[PDB]
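**Student:** just need the structure, nothing else, for what follows:
(3 chains)
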Amino acid sequence: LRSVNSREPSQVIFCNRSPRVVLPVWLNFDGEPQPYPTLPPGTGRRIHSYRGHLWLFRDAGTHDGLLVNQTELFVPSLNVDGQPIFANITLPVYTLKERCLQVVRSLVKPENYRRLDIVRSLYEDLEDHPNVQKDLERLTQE
Amino acid sequence: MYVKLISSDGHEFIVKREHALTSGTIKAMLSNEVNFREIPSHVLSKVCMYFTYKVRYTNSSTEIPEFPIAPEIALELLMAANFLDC
Amino acid sequence: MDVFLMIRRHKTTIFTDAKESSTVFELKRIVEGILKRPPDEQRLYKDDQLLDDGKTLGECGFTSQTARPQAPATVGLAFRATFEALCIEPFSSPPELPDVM
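**Tutor:** Numbering: from 1, shown residues only, chains lettered A, B, ... in the order given. Okay, here it is:
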């Protein structure tokens, strides 16, 4: 699951239609994740990339998943006669559970995290921070 | 068309059946009414709103908003979201 | 344009949506269908202010800025016709935050 080696420029653009500090993540030729400078909430940014390349996007501070053009995998496609491809970054409709972890994880230091009263299976879920590497494997088995 | 969900504290949230079906736990609980001996009002109202939210925003370009959760409510909600699988 | 409501009286709450242009009286029909009491035996409010059958939900305050799926706006229901006073039981209090900011 890797970016194809080019070698054909592709003018892309990341609109951040989300309310988080977005983190572009590019998928190397080997398949490793490369972080690119972050995109604040309303903002956007013109990028050069390449037909065939793989990009995904996450909340830059907590790595929560985000959609681009309604999927997770953004493939800069052919530019031709038309100029930039659009990369609309959005919240998905998170499960209410996932949504709950999110606040919760962010109101308590996981340092301090043992000391809250709830089923322990719940406590593993909170510890289970979403992760590129993870989703990278997850998004691998399809 | 409609169902009723009754909180641990008495309150009745009457809601559309498909909206309620969102939660598998609930689905299984009918097939009418679900009493929820374990979920207070400040918690089931937020759930129902979440169903509305999910149902409207699922399958949609129109930029999606944050579902919001006040702090005080979060634990309780996380426990409910988890019992109900939603 | 969909508006998203919480129709509340006593301990009863209906979640529904409706069009920004539908009529107040049209809301009571909706209610009718559910609590089965006809429009003339129900009176509907926004914050105490007593709403008119002929007016639109938009005209009445209910606009997509105000009545969003994830934060539905509230509509007082009151019954009978002598009409009972409007009484909405508040929701349960959350317990206080554990040791977190």
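**Student:** every contact and neighbour count from this point should use C-alpha atoms.
**Tutor:** Fine.
**Student:** residue numbers of chain B in contact with chain C?
**Tutor:** B:2, B:9-16, B:40-42, B:48-50, B:52-53, B:56, B:67-68, B:71-73 (Cα under 8 Å from any Cα of the partner chain).
**Student:** contact partners for residue 9?
**Tutor:** Picking chain A for this. For residue A:9, the contact set (Cα atoms under 8 Å, 6 or more residues apart in numbering or on different chains) comprises A:48, A:49, A:50, A:51.
**Student:** not quite, I wanted chain C
**Tutor:** Applying Cα under 8 Å, 6+ apart, the residues contacting residue C:9 are C:76, C:77, C:78, C:86, C:87, C:88, C:89.
**Student:** of the residues of chain B next to chain C, which ones also sit close to chain A?
**Tutor:** When the residues of chain B next to chain C are filtered against chain A using Cα under 8 Å from any Cα, the residues retained are B:50, B:67, B:71.
**Student:** correct me, but the second one touches residue C:70?
**Tutor:** It refers to residue B:67. Yes - between residue B:67 and residue C:70 a contact is recorded at 6.5 Å, counting by Cα atoms under 8 Å.
**Student:** which neighbours do those two have in common?
**Tutor:** B:50, B:53.
**Student:** thinking again about what came up before, give me the buried subset of the contacts of residue C:9.
**Tutor:** C:76, C:77, C:78, C:86 (16 or more other Cα atoms under 10 Å in any protein chain shown).
**Student:** parallel or antiparallel, list what pairs with the helix or strand the first one falls within.
**Tutor:** Following DSSP states H and E, the helix or strand that holds residue C:76 is strand C:73-79. For strand C:73-79, the paired strands and their directions (DSSP bridges) are strand C:2-9 (parallel), strand C:42-46 (antiparallel).
**Student:** pretty sure residue A:16 contacts residue A:46?
**Tutor:** No - shown here, residue A:16 and residue A:46 do not form a contact pair, counting by Cα under 8 Å, at 11.7 Å.
**Student:** neighbour count: these two, which is higher?
**Tutor:** residue A:16 (24 against 14; other Cα atoms under 10 Å in any protein chain shown).
**Student:** quick check: closest non-adjacent residue to the more buried one.
**Tutor:** residue A:89 (4.9 Å; Cα to Cα, 6 or more residues apart in numbering or on different chains).
**Student:** neighbours of the one you found, how many?
**Tutor:** Neighbour count for residue A:89, taken as other Cα under 10 Å: 28.
**Student:** show me what contacts it?
**Tutor:** Here residue A:89 is in contact with A:14, A:15, A:16, A:17, A:18, A:57, A:66, A:67, A:68, A:69 (Cα under 8 Å, 6+ apart).
**Student:** highest neighbour count among those residues?
**Tutor:** Most crowded among these, counting by other Cα under 10 Å, is residue A:57 at 27 neighbours.
**Student:** phi, psi of it?
**Tutor:** phi -140, psi 140 (degrees, to the nearest 10).
**Student:** and if you look at residue B:77?
**Tutor:** phi -70, psi -40.
**Student:** so it sits right up against residue A:99, yeah?
**Tutor:** No - judged on Cα under 8 Å, residue B:77 makes no contact with residue A:99 at a distance of 9.8 Å.
**Student:** higher neighbour count, the two?
**Tutor:** Neighbour totals were compared for residue B:77 and residue A:99, and residue B:77 leads with 26 against 21 (other Cα under 10 Å).
**Student:** in strands only, show me the contacts of residue A:9.
**Tutor:** Counting by DSSP state E, those place A:48, A:49, A:50 in strands.
**Student:** and the residue nearest to the second one when sequence neighbours are not counted, what does it touch?
**Tutor:** Nearest residue to residue A:49, sequence neighbours excluded (Cα to Cα, 6+ apart): residue A:10, at 4.9 Å. Residues in contact with residue A:10, defined by Cα under 8 Å, 6+ apart, are A:48, A:49, A:50, A:51, A:76, A:77, A:78, A:79, A:84, A:85.
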